[PDB]
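**Student:** My structure is below; once you've seen it, I'll send some questions.
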Amino acid sequence: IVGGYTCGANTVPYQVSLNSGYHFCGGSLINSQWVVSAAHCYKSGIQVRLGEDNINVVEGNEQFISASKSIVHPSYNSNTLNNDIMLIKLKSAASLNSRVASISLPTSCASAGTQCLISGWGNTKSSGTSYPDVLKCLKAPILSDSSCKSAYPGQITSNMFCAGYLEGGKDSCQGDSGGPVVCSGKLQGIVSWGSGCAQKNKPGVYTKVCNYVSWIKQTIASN
Ligand SMILES: N=C(N)c1ccc(NC(=O)Nc2ccc(Oc3ccccc3)cc2)cc1
Ligand SMILES: [Ca+2]
């Protein structure tokens with residue numbers, strides 16, 4: 001996260017770190033056995049790390065559960081990043097509580113103007129690289145479909161929305177991928193792509209989670 005702030009330990013209880021020997025993507029816990037992330041974060045050998053604040057230090061609230069299976073959305077296209085969503089099942093259910101909690105899926109799509117919370121352990125610099133050990137947070141508005149398409153012409157499909165600040169300075173970044181964009185307590189986006197991080201007129205682009213609720217529910221119902 002570029003231009004964000006330190007969340008505070010376990011203040012984002014649904015935030016997940018996907019680790020394969022190292023943190024490589026964020027994710028959101030949506031019930032005791034399932035995590036949602038970006039399909040572009042797909043990897044064999046995922047261990048889900050819940051209850052994390054400093055991902056490099058064992059602090060006392062973590063749960064480390066290997067993934068038993070991953071399901072990349074059937075229509076995910078890696079070239080356009082259209083339908084950039086994936087579900088991960090945990091081999092054992094997580095113990096839910098105040099510090100490790102699931103986030104609700106949306107009943108309706110969010111609208112332009114809604115302020116949302118985006119969090120992750122990604123890069124905090126637009127020029128340079130510095131990866132924090134603790135979770136960073138950014139409050140950011142959903143942008144209109146027209147400003148999203150003006151910023152990235154010919155690239156925004158109906159399964160994507162932009163969120164952020166067209167002046168730059170505040171954005172998600174590499175390493176934040178697969179992580180949450182929560183608006184009014186509902187998971188509305190997944191950190192997916194953007195040109196650079198925090199550049200002027202190049203906001204973050206996010207998977208539009210409301211389009212996937214029936215698929216998430218149906219998939220969890222049979223797996
Ligand atoms: N400005 C941001 N908010 C922002 C910018 C970039 C990313 N990260 C990103 O775009 N990652 C990425 C996406 C697709 C990729 O493409 C792949 C294609 C095939 C296989 C694997 C990855 C690779 C990296 C996240 C947030
Ligand atoms: Ca830790």
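Chain lettering (A, B, ...) mirrors the order of the structure tokens, residue numbering begins at 1 for each chain separately, and ligand numbering begins at 1 in order of display.
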Using only C-alpha atoms and all ligand atoms, what table do you get, as JSON lines, when you list each residue of chain A with an atom no more than 7 Å from ligand 2, its nearest pair of atoms, and their distance in Å rounded to one decimal, rows by chain then rising number?
**Tutor:**
{"residue": "A:52", "atom": "CA", "partner": "ligand 2", "partner_atom_place_in_ligand_line": "1 (Ca)", "distance": 4.8}
{"residue": "A:53", "atom": "CA", "partner": "ligand 2", "partner_atom_place_in_ligand_line": "1 (Ca)", "distance": 5.4}
{"residue": "A:54", "atom": "CA", "partner": "ligand 2", "partner_atom_place_in_ligand_line": "1 (Ca)", "distance": 4.5}
{"residue": "A:55", "atom": "CA", "partner": "ligand 2", "partner_atom_place_in_ligand_line": "1 (Ca)", "distance": 4.2}
{"residue": "A:56", "atom": "CA", "partner": "ligand 2", "partner_atom_place_in_ligand_line": "1 (Ca)", "distance": 5.6}
{"residue": "A:57", "atom": "CA", "partner": "ligand 2", "partner_atom_place_in_ligand_line": "1 (Ca)", "distance": 4.4}
{"residue": "A:58", "atom": "CA", "partner": "ligand 2", "partner_atom_place_in_ligand_line": "1 (Ca)", "distance": 4.0}
{"residue": "A:59", "atom": "CA", "partner": "ligand 2", "partner_atom_place_in_ligand_line": "1 (Ca)", "distance": 5.1}
{"residue": "A:62", "atom": "CA", "partner": "ligand 2", "partner_atom_place_in_ligand_line": "1 (Ca)", "distance": 6.3}
**Student:** Write out, as a PDB file, in the first residue's frame, the residues just selected, with N, CA, C and O atoms.
**Tutor:**
ATOM      1  N   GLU A  52      -2.628 -12.511  11.104  1.00  0.00           N
ATOM      2  CA  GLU A  52      -1.337 -11.885  10.949  1.00  0.00           C
ATOM      3  C   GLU A  52      -1.334 -10.393  11.114  1.00  0.00           C
ATOM      4  O   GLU A  52      -2.298  -9.719  10.723  1.00  0.00           O
ATOM      5  N   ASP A  53      -0.291  -9.901  11.767  1.00  0.00           N
ATOM      6  CA  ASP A  53      -0.020  -8.486  11.694  1.00  0.00           C
ATOM      7  C   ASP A  53       1.402  -8.408  11.168  1.00  0.00           C
ATOM      8  O   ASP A  53       1.563  -8.197   9.958  1.00  0.00           O
ATOM      9  N   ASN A  54       2.457  -8.593  11.966  1.00  0.00           N
ATOM     10  CA  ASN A  54       3.798  -8.614  11.404  1.00  0.00           C
ATOM     11  C   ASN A  54       3.982 -10.025  10.820  1.00  0.00           C
ATOM     12  O   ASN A  54       4.004 -11.083  11.495  1.00  0.00           O
ATOM     13  N   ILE A  55       3.974 -10.087   9.489  1.00  0.00           N
ATOM     14  CA  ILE A  55       4.157 -11.372   8.820  1.00  0.00           C
ATOM     15  C   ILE A  55       5.544 -11.991   8.992  1.00  0.00           C
ATOM     16  O   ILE A  55       5.753 -13.109   8.505  1.00  0.00           O
ATOM     17  N   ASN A  56       6.508 -11.331   9.617  1.00  0.00           N
ATOM     18  CA  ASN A  56       7.802 -11.927   9.797  1.00  0.00           C
ATOM     19  C   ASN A  56       8.009 -12.352  11.233  1.00  0.00           C
ATOM     20  O   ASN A  56       8.984 -13.024  11.521  1.00  0.00           O
ATOM     21  N   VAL A  57       7.083 -12.047  12.157  1.00  0.00           N
ATOM     22  CA  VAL A  57       7.298 -12.387  13.561  1.00  0.00           C
ATOM     23  C   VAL A  57       6.085 -13.153  14.060  1.00  0.00           C
ATOM     24  O   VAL A  57       4.954 -12.773  13.694  1.00  0.00           O
ATOM     25  N   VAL A  58       6.227 -14.255  14.799  1.00  0.00           N
ATOM     26  CA  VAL A  58       5.073 -14.963  15.367  1.00  0.00           C
ATOM     27  C   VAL A  58       4.697 -14.205  16.635  1.00  0.00           C
ATOM     28  O   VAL A  58       5.503 -14.091  17.571  1.00  0.00           O
ATOM     29  N   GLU A  59       3.503 -13.603  16.596  1.00  0.00           N
ATOM     30  CA  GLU A  59       3.109 -12.692  17.649  1.00  0.00           C
ATOM     31  C   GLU A  59       2.058 -13.256  18.589  1.00  0.00           C
ATOM     32  O   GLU A  59       1.823 -12.660  19.648  1.00  0.00           O
ATOM     33  N   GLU A  62      -1.813 -15.999  15.246  1.00  0.00           N
ATOM     34  CA  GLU A  62      -1.856 -16.559  13.900  1.00  0.00           C
ATOM     35  C   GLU A  62      -2.432 -17.958  13.881  1.00  0.00           C
ATOM     36  O   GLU A  62      -2.381 -18.701  14.879  1.00  0.00           O
TER      37      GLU A  62
END
**Student:** At a cut-off of 9 Å, using only C-alpha atoms, what residues contact stretch 176-187 of chain A? Leave out same-chain residues fewer than 5 positions from it and give the result as a PyMOL selection string.
**Tutor:** chain A and resi 1+14-17+24-28+30+36-41+84-86+103-107+110+114-123+140+192-193+206+209-210
**Student:** Give me the residues of chain A that have any atom at most 9 Å from an atom of ligand 1; for each, the nearest atom pair and the distance in Å, rounded to one decimal. Use only C-alpha atoms and all ligand atoms, sort by chain and number, and format it as a Markdown table.
**Tutor:**
| residue | atom | partner | partner_atom_place_in_ligand_line | distance |
| --- | --- | --- | --- | --- |
| A:1 | CA | ligand 1 | 3 (N) | 8.1 |
| A:2 | CA | ligand 1 | 3 (N) | 8.9 |
| A:39 | CA | ligand 1 | 21 (C) | 8.7 |
| A:40 | CA | ligand 1 | 22 (C) | 5.1 |
| A:41 | CA | ligand 1 | 21 (C) | 7.2 |
| A:42 | CA | ligand 1 | 21 (C) | 7.9 |
| A:77 | CA | ligand 1 | 19 (C) | 8.9 |
| A:78 | CA | ligand 1 | 18 (C) | 5.0 |
| A:79 | CA | ligand 1 | 18 (C) | 6.1 |
| A:80 | CA | ligand 1 | 14 (C) | 8.5 |
| A:81 | CA | ligand 1 | 14 (C) | 6.6 |
| A:122 | CA | ligand 1 | 25 (C) | 8.6 |
| A:126 | CA | ligand 1 | 1 (N) | 8.9 |
| A:162 | CA | ligand 1 | 3 (N) | 8.9 |
| A:163 | CA | ligand 1 | 3 (N) | 8.4 |
| A:164 | CA | ligand 1 | 3 (N) | 8.2 |
| A:170 | CA | ligand 1 | 3 (N) | 8.8 |
| A:171 | CA | ligand 1 | 3 (N) | 5.1 |
| A:172 | CA | ligand 1 | 3 (N) | 3.9 |
| A:173 | CA | ligand 1 | 26 (C) | 4.0 |
| A:174 | CA | ligand 1 | 8 (N) | 4.5 |
| A:175 | CA | ligand 1 | 8 (N) | 7.0 |
| A:176 | CA | ligand 1 | 25 (C) | 6.1 |
| A:177 | CA | ligand 1 | 25 (C) | 5.2 |
| A:178 | CA | ligand 1 | 25 (C) | 8.5 |
| A:191 | CA | ligand 1 | 26 (C) | 5.9 |
| A:192 | CA | ligand 1 | 25 (C) | 5.3 |
| A:193 | CA | ligand 1 | 10 (O) | 3.5 |
| A:194 | CA | ligand 1 | 5 (C) | 3.6 |
| A:195 | CA | ligand 1 | 5 (C) | 5.5 |
| A:196 | CA | ligand 1 | 1 (N) | 5.3 |
| A:197 | CA | ligand 1 | 1 (N) | 3.8 |
| A:198 | CA | ligand 1 | 1 (N) | 6.0 |
| A:199 | CA | ligand 1 | 1 (N) | 7.7 |
| A:202 | CA | ligand 1 | 1 (N) | 6.9 |
| A:203 | CA | ligand 1 | 1 (N) | 5.8 |
| A:204 | CA | ligand 1 | 3 (N) | 3.5 |
| A:205 | CA | ligand 1 | 3 (N) | 6.2 |
| A:206 | CA | ligand 1 | 3 (N) | 7.9 |
**Student:** Nearest residue to residue A:144 out of A:93, A:221, A:48, A:166, using only C-alpha atoms?
**Tutor:**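 Once distances to residue A:144 are computed over only C-alpha atoms, the minimum belongs to A:166.
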**Student:** Which of these residues is nearest to residue A:75, using only C-alpha atoms: A:215, A:147, A:139, A:200?
**Tutor:**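 Using only C-alpha atoms, residue A:75 sits closest to A:215.
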**Student:** Please indicate the distance in Å from atom CA of residue A:156 to atom CA of residue A:131, rounded to one decimal place.
**Tutor:**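 So the answer is 28.3 Å.
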**Student:** Using only C-alpha atoms, which protein or nucleic acid residues come within 10 Å of residue A:21? Drop anything in the same chain fewer than 4 positions from it, and give the result as a list in words.
**Tutor:**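 The neighbour list is residues 45, 46 and 47 of chain A.
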**Student:** Could you please take those selected residues and save N, CA and C atoms as a compact mmCIF listing (two decimals), in the first residue's frame?
**Tutor:**
# COMPACT_ATOMS: atom_id res chain seq x y z
N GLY A 45 0.98 -25.26 -3.58
CA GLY A 45 1.71 -25.17 -2.32
C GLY A 45 1.44 -23.90 -1.52
N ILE A 46 0.19 -23.50 -1.42
CA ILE A 46 -0.22 -22.30 -0.67
C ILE A 46 -0.42 -22.62 0.81
N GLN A 47 0.11 -21.84 1.74
CA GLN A 47 -0.29 -22.00 3.14
C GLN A 47 -0.97 -20.68 3.49
